[PDB]
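Report on the structure given below.
Residue numbers (the deposited numbering): 32 to 229.
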């Protein structure tokens, strides 16, 4: 808190995704250089956003989340599009030590009804990290709501096929499969909270 001329990003991605499959799934680590791990309890405002999003039935006691700090925001009245890019760095350990590496977090919004997040994963660049359908504005706080509502068929994809494809992991079924239990829905991304600088 008490941030001056700096922006912050509070979102799941890590921990919430593996609230129950953390030990039996991907692990988050190397959160530094513009990124850090923060407990959901500490993030009161963010936690509020999480509640508004998917409904968690069974989540680990105080699931940890991924936070991208040291970001920059470029909002202007010239257009209804927002340019926000977090240089935070985070690395995901595919089961064994290390594995998946992601960085250069980027956020693009248009008319607040069409936008997407861009990032670099592995050897692939300019990939669709997230699909933003719409977002809202608040007091120095902007909340993003991607189009990832509770499953309603069988196979529920949490992340865009671009990010999933870039997994490079043979555990495709683990990341995505013909399942979407209530717990899975909770792990599914949806609540995005960001803080404008100034």
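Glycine included, C-beta positions come from ideal geometry on N, C-alpha and C.
Where does residue 218 fall in DSSP's three states?
-> Here DSSP, grouped into helix, strand and coil, assigns residue 218 to helix.
Might you give, ordered along the chain, the residues of its own chain that have their beta carbon closer than 6 Å to the beta carbon of residue 213, omitting 5 neighbours on each side?
-> Same-chain partners within the cutoff: 88.
Leaving out five residues on either side along the sequence, give the residues of the same chain with a beta carbon under 6 Å from the beta carbon of residue 117.
-> Counting only Cβ-Cβ distances below 6 Å, and skipping sequence neighbours, we find 40, 99, 102, 136.
Return the chain-ordered ranges of every beta strand (DSSP E) run that is complete within the region 73-135 and spans a minimum of 3 residues.
-> Segments of the beta strand (DSSP E) lying fully in the region 73-135: 95-106, 113-124.
Residue from 42, 69, 62, 106 with nearest C-alpha to residue 82 | Closest option to residue 82, Cα to Cα, is 42.
So does residue 163 have its beta carbon nearer than 8 Å to some heavy atom of the ligand NAD?
-> In the structure shown, the ligand NAD is absent, as is every other ligand, since no ligand is present at all.
Starting from the C-beta of residue 159, find all residues in its chain whose C-beta is less than 6 Å away, skip the five residues before and the five after it, and write them out in chain order.
-> If we look at residue 159 and ignore the five residues flanking it on each side, its Cβ neighbours are 147, 191, 193.
From residue 109 to residue 142, what distance separates their C-alpha atoms?
-> Their backbone Cα atoms lie some 12 Å apart in a straight line.
Between 59, 95, 65, which lies nearest to residue 75 when the distance is taken from Cα to Cα?
-> Comparing Cα-Cα distances from residue 75 to each of 59, 95, 65, the minimum goes to 95.
Roughly how far, in whole angstroms, is the beta-carbon of residue 113 from the beta-carbon of residue 140, given that I think they are within contact range, below 8 Å?
-> At roughly 4 Å, the Cβ-Cβ gap stays under 8 Å, so residue 113 and residue 140 are in contact.
So, using beta-carbon positions, are residue 49 and residue 188 closer together than 9 Å?
-> Going by beta carbons, residue 49 and residue 188 fall outside the 9 Å limit.
Span of the beta strand (DSSP E), counted from its first residue to its last, around residue 205 = No beta strand (DSSP E) contains residue 205, which is instead part of the alpha helix (DSSP H) from 203-206.
Whole-angstrom distance between residue 150 and residue 165, CA atom to CA atom = Across the structure, residue 165 and residue 150 are spaced so that their CA atoms are roughly 19 Å apart.
Rounded to whole angstroms, what's the CA-CA distance from residue 66 to residue 152? Just pull it up for me.
-> Roughly 16 Å separates the two Cα atoms.
Per-residue burial, residue 221 [other beta carbons within 10 Å of its own, 16 or more giving buried] = Counting the other Cβ atoms within 10 Å of the Cβ of residue 221 gives 16 or more, which makes it buried.
Hey, could you find the ends of the alpha helix (DSSP H) residue 193 is sitting in?
-> From DSSP, the alpha helix (DSSP H) with residue 193 extends over 192-196.
Do the CB positions of residue 216 and residue 86 come within less than 9 Å of each other?
-> With a cutoff of 9 Å on beta-carbon distance, residue 216 and residue 86 are scored as near each other.
Counting along the chain, where does the beta strand (DSSP E) carrying residue 162 start and finish?
-> Segment 155-168, the beta strand (DSSP E) holding residue 162.
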